[PDB]
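Starting off, we have a lone chain in the form deposited in one PDB entry, written out as structure tokens.
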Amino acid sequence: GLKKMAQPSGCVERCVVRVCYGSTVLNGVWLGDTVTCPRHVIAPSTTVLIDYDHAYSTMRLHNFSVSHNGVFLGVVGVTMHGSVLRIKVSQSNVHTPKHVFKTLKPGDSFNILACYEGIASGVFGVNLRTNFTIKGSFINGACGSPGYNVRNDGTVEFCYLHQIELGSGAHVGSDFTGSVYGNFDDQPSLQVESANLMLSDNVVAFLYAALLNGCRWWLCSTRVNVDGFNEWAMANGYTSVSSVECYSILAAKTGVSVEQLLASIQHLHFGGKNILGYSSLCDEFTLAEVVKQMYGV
């Protein structure tokens, strides 16, 4: 059984705040005595290109309002780091979880807490694509919604702050240092993202899941080695496969080598059959997710 799930959101909900500057309102993340939010909150209302350095230079602290559940935090100072602001406030969040900041790589799964006016409304799992966008669900006001993972030891990894929706509908965010994933511009524009590749690592994980449920009509008897597959992958819109040793767990139970699944990917690249609900190959689930969702390991 494979279902996209999110990790529980309680520890992150207690960090979401409402950040307002003049009339513009979005979400921020309150950790210790710092609130991080997208710098879009200080943009002027215009249709011309936004000059954020000038906006930052004309900033007044008294124009900020930062609140958590209707209680207002005193703003002490603000600095700009790439596409985000770090707002120092005069009160520390007593519910700050143990945490680190982590920069995602394409193929990484994480969780989104979708927020509006500082209040969480939904939580869902997503995967960072090779073009550094995600397929979320966001409407107006979701800017600043955080992305996170929770480690085994309880440590929250803060990895994403929602920034913008592209004309394609794909979603763009930054990490907490202010670097925009994919280096997209954090303001309205005509930018078009490059085409996504199929995440071969995730396809392999998904095929192991089907094997563990007796679904094996698609299993190729022959093998391709990694160097052969990676040549085919370049010419057919797939990423290179990372390693074979990681799948040794799943290679045990099945007991199927990665090279047999690489061969199956070439053949399946269903007429009109089906794999675990899907009619084409799925790159939504990582190796870790499959292992955690099937064995709790």
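In this text, the rigid core denotes the largest set of C-alpha atoms whose superposition between the two forms falls within 1.5 Å. Counting begins at 1, following the sequence as shown.
The modelled chain breaks between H269 and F270, where 1 to 3 residues of the deposited sequence lack coordinates. Averaged over Cα atoms, the B-factor as recorded in the entry is higher for 194 to 202 than for the other of 119 to 127 and 194 to 202.
The stretch with the higher mean CA B factor, choosing between 254 to 262 and 24 to 32, is 254 to 262.
If you compare the C-alpha temperature factors of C143, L207, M80, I112 in the entry, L207 comes out highest. Listed residues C37, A235, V66, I42 were ranked by CA B-factor as deposited; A235 comes out on top.
Annotation for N274: CA B-factor lies in the highest third of the chain's modelled residues.
When the modelled residues of the chain are ordered by C-alpha B-factor, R216 sits in the highest third.
In this PDB entry, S280 carries a Cα temperature factor that places it within the highest third of its chain's modelled residues.
Residue-level temperature factors show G107 in the middle third of its chain, judged at the C-alpha atom. Among the modelled residues of its chain, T133 has a C-alpha B-factor that falls in the lowest third according to the deposited record.
In what follows, reference is made to the form deposited with a partner chain bound, a form of this protein that is not presented.
Picking from 71 to 79, 220 to 228, 188 to 196, 97 to 105 the stretch near its partner chain in the entry with it bound, with a 4.5 Å limit on heavy atoms, gives 188 to 196.
Against its partner chain in the entry with it bound, the set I50, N140 and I164 is in full contact: each member has a heavy atom within 4.5 Å.
In the entry with it bound, its partner chain lies farther than 4.5 Å from every heavy atom of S57. Just a single entry of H95, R151, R223, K98 exceeds or equals a 2 Å CA shift between the shown form and the other one, which is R223 (rigid core superposed).
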